[PDB]
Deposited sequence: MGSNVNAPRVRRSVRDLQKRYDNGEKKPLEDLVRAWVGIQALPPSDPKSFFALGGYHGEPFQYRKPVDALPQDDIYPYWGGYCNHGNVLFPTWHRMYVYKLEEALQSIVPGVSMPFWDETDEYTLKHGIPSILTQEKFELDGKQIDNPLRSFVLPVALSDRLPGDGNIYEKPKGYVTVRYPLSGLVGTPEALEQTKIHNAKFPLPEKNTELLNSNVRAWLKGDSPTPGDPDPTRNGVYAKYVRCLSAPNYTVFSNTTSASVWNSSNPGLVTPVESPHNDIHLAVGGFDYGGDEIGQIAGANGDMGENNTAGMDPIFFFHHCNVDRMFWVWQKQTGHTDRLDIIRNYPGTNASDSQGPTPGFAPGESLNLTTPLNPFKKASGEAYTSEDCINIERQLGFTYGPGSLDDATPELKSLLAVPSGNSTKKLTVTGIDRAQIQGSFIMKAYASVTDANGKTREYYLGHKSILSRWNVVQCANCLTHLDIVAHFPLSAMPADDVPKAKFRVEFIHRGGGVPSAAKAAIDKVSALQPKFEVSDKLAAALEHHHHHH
């Protein structure tokens, strides 16, 4: 009898009908896990801190994160027995039309007699995150989302942060703009009417991934895309996009809202990290269901994405441990029903419908070909950034049509050749040989005004090379 992870809007539909305990239990557990001292390995602090070990851009991204959510849920169970971590369904109809379920964004919550602060909205750091640096965080820091900023590690950063946050004083309004930035990412244009370019399409496409390796991560998917016709999309890509939106990037040059979800430094101290990751693991389980890999996953030997030591299904996923003291491995969490005792409830995109081929279709007239972008060294850009691609055609008589080709989100950190691929399905096949390509970068611009000039100038010297197939 596996437990059932349900959508959070499901637990909310139960609250709206007077059945309160499901939501209340969950909140109670989160109040629980956030209150444990920092030395407790089940504390929210300890748990979120593990991620600042983790695996991105490699074939353990999905199973490392599967086990990660499972430990958060173990720790919640040490407080309220039998509780399940709900998923934020980011491709459901409510989110396309209204964005984030309000239980994740509400200021307060009715628990026992008491109106308490919502523990799903933010976390207050019990101790500081420092070394002895703009990404560092003082005790008492409260996590923040778009449109606010949380860069507070230097006098300069904190002052610029205050000047930034004082433009957005009303929580009700901040929440509206957040919901509005989330729906725009999802749609891929001005806000359901989804387009081929948004996060919705990227999620739909990753379920078509041909093997686990190119599904698992953006390193493998990018090399596969350099070397196979068509476009494959790793689950990691849309996962990164949700990080940037909550974490401070608009869809519609510098992103000055520096929220915790926007960078790998403290993404894990925001509780929404786990609602989102709980839904990424669900996409992963859905992709296993739909391709028949509920018990067997394969890793292509020597493939890019399979190295840090080769990375294989026996590779430990530190720091997670079985009660033996043995580390978990990817072998230990392929089948979530058999090996971990849980399953997902109903949610968006679990069925392979014909509607979800019409979206990804090359419209009649338009090109089946693909644009590859190279010669980008990201090693010197700091923080996360978005590559937006475009084609402009100059006509027979001086008329320019502009063609938006899509986006690529690089989720990164504050402290390496990058290859992007874009379909040309937005443009009519004729015009492609007659097209001048380019990429706009949206980026953190040093984060503080004292590094803006250096970061903007490294961006302006980028030398991207173009290639149609």
{"query": "Deposited positions lacking CA coordinates", "finding": "1-6, 59-81, 162-166, 226-229, 291-295, 352-364, 472-481, 536-549"}
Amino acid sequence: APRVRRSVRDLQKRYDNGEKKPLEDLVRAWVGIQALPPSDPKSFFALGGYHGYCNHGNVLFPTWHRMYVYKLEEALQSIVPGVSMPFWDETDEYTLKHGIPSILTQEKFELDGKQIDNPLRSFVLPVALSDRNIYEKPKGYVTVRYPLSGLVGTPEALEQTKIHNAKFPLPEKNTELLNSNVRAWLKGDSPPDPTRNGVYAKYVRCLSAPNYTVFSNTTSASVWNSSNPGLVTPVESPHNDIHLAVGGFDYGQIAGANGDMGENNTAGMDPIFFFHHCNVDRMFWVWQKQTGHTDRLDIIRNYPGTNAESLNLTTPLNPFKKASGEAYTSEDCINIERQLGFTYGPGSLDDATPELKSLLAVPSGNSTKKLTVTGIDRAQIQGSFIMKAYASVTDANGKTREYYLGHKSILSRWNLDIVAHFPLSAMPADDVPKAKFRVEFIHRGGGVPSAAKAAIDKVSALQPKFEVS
From here on, numbers count along this sequence of modelled residues.
item: Stretch with the higher entry mean CA B-factor, where the candidates are 352-360 and 311-319; value: 352-360
item: Mean C-alpha B-factor comparison - 78-86 and 216-224, higher one; value: 78-86
item: Residue of maximum C-alpha B factor among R296, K137, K71, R183, per deposited coordinates; value: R296
item: C-alpha B-factor winner, where the candidates are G113, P147, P119, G153; value: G113
item: Chain-relative CA temperature factor third for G57; value: lowest
item: Cα B factor band for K465 (lowest, middle or highest third within the chain); value: highest
item: Chain-wide C-alpha B factor ranking for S130, given as lowest, middle or highest third; value: highest
item: Third assignment of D377 from its chain's C-alpha B-factors; value: highest
item: Modelled-residue ranking by C-alpha temperature factor, third containing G18; value: highest
